[PDB]
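Chain IDs A, B, C, D and E follow the sequence of writing; residue 1 opens each chain.
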Amino acid sequence: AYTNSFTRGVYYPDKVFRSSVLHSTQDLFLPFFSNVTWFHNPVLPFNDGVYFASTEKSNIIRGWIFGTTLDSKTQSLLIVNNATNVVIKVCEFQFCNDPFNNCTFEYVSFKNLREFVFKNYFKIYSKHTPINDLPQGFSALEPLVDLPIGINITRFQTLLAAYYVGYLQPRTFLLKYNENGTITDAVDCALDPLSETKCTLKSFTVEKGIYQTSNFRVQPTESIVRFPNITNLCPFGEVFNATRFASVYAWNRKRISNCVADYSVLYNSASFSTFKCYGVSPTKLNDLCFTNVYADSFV
Amino acid sequence: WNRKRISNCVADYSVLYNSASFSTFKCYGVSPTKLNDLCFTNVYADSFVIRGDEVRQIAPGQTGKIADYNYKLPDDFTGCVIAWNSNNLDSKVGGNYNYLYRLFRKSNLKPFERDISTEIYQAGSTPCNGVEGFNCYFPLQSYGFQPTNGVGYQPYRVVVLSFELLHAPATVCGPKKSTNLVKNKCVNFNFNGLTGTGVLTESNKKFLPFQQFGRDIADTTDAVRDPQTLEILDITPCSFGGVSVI
Amino acid sequence: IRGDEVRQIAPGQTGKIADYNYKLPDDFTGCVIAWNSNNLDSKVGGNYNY
Amino acid sequence: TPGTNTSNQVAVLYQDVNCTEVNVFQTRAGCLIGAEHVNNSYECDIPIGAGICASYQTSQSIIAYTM
Amino acid sequence: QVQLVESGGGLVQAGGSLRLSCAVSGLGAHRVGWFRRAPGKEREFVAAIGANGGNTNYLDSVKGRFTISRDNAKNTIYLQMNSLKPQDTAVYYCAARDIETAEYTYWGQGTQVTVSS
């Protein structure tokens, strides 16, 4: 079953104290009114970022796992809470498919929902909302820690009564900075035409009228390459496939130019015992140019 | 390459660049002469030893086999790159081969990425699938370090101080000492390395625990929380006005 | 000077020979010329007059 | 759109593109989506182009009528 | 250049541990490897180690039961045959790489290893 994310996907993009200004920010964000998986444990993809929302009063879920292979002996970020302190580690502790060495990093330090934003060095944001489960009101997240790892991540997992996960998207967002300096309202710049107008006019009030806002630039469906027929091929066969050839002293030099250099037979074919060249790629020869070439044949 | 965090301290880069031991010392986006008086949020030191001929490629924007598949800097990097001859302490007679480097990979390395995975490189048409052989080269290739070779093949020790100059509470602040807090008068203030002129006055602002300084619509600093005391300040510019003769 | 610090003999460059012994103006106009002279400079056992 | 102080509804006009290439009313200034075409004519409230104008009226929606 | 010569190949009983040791000329900067020609099959990988290296890979057939060693002192290499099951008989060879476009640039003429059940 799935649930909507009414207005979640905005954190504080910067550390400055902004006040009384409609400020524009662009970053990876989760679009407002987007779908999340209403999970009641499994493995999920990771594209650019992740959002998280946990429904629990007893701290059931305390950590996460990350990485590409997500298997033992593979570098993974491990955040864990031991009920006495919270630990952040990069130790790939042995984990099977459903978990309930070479340690490199270490760090030890119903009523509410925790919202987490991840992106890639690593970033973390969160904030808490003491509620008497998801109100549709404004949501902004405060950065927590940005601990670097310098490693590729394309997937992740969870540690272990429900939670919500949603994927952030590249977008443009605008913030109503008040006198108080916090965030009280933000409007998407790609949800609905009124919102796009609010952003382009850069205000929360639009007086009646036509307003040109942006463009409709269609994207291409595919990329086409067209050229003349492959004719004509150089006679490399004559030099290579010659039954009779001239001896090492009497070698035949064949000048070659104005030819389609089909290097495929030379290197795609594995029959030839030695294919040696220095300063030029044996596999990329089709991608290089030579004005004039000569060929010598002997035994 | 190992990454050692440098933070929660005070630094002195003047001795580091002045010393004659550093035959190579190149700074990008900052000039060393004024490193002493500007503070930084975090400094990263990455240590790795490269062959001599490939020092000049490791710079933002440049490529090369190690520059591409082994270590690469952002094209917009800020900081300094440091290198020097290391035959004396590292290279041993008879050949030093305890060092390796990755040469062939399917994809290039994006900024600050480290790869130590150990699978063969598939270069041929047919997948190797764990077979070593023709067109199946393991990516790691060792350095052949003989203490007598030419400097072009000699080992240079390298550390990259990537100065991450960020707007955040800074940690490594440089040697320059403080001066007593001044208020309600025109002064050339300098907090955490931001050079400014204006009158300090306490503000009504309340910062979020990670918040450091505010801003104005014209991208001019308008408030700062004092570094050694949580003093919210208002950087009002000193009075000025046009004068016209009659 | 040694060839190691020929980099320093340029307007704008920073080095001990540039800073404390000879500094070209930042607006220098002219040609800087250098060549080796070990045939008349280096000797048996070397020279300490420089 | 009318003012946000009056309504949150909106209409959209695509300039110089026919609207088979994107209830729906097509003008000589492109095709309009989000406002009902009306045969009746009224005064000019919001210009659109080539004569058509848009307005907010009573259930209560946005209309496109010849000036 | 670098030249390879092999020693220590012969007939041994099933389960026997033999010593194959191949000598090289001017080695030190090349990832040495051991290879075998099966009577009915072409050459296949056995073991490979870099200079002063721990980079070890073995085929699943040789997994857990053959290890190679590098002296770095006597200019020769050692491969550990343990309980060699009979169907692993072949002619063994050494090979190394400096810069290659084929499997490996320099090879060893090798020798014969035979096992009787």
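Everything below uses one rule, namely that a contact is a pair of C-beta atoms (placed from the backbone, for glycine too) under 8 Å apart; a residue touches a chain by one contact, two chains touch by 3 or more.
The set of chains touching chain C and also touching chain D is empty.
Touching chain B and chain C at once is no chain at all. Chain centres defined as mean CA positions place A nearest to the mean of all protein CA atoms. Averaging Cα atoms per chain gives one point for each, and the point farthest from that of chain E is the centre of D. When chain centres are defined as mean Cα coordinates, D lies farthest from chain C.
Counting C-beta pairs in contact, the pair that comes out ahead of the other among A-B and A-E is A-B.
Chain centres here are Cα means. That of chain A falls 52 Å from that of chain C.
Centroids built from CA atoms put chain E at 57 Å from chain C. Our note on geometry: chain D versus chain E, Cα centroid distance of 82 Å, whole angstroms.
The distance from the centre of chain B to the centre of chain E, with each centre set as the mean of the Cα atoms, comes to 45 Å. Residue positions 102 of chain E are each in touch with at least two other chains. By the touch rule above, chain A contacts chain E in their complex via residues 274-278, 282.
Remark: chain E residues 99, 101-102 touch chain A in the complex. Within the complex formed with chain A, the residues of chain B that make contact are 3, 44, 112-114, 116-117, 123, 125, 166-168, 205-208, 210-215, 217, 223.
Across the complex, chain A meets chain D through its residues 192-194, 197, 204-211, 216. Interface residues of chain A facing chain B in the complex, by the touch rule stated above, are 12, 14-19, 21, 74-75, 121, 142-143, 148, 150-152, 181-182, 268, 283.
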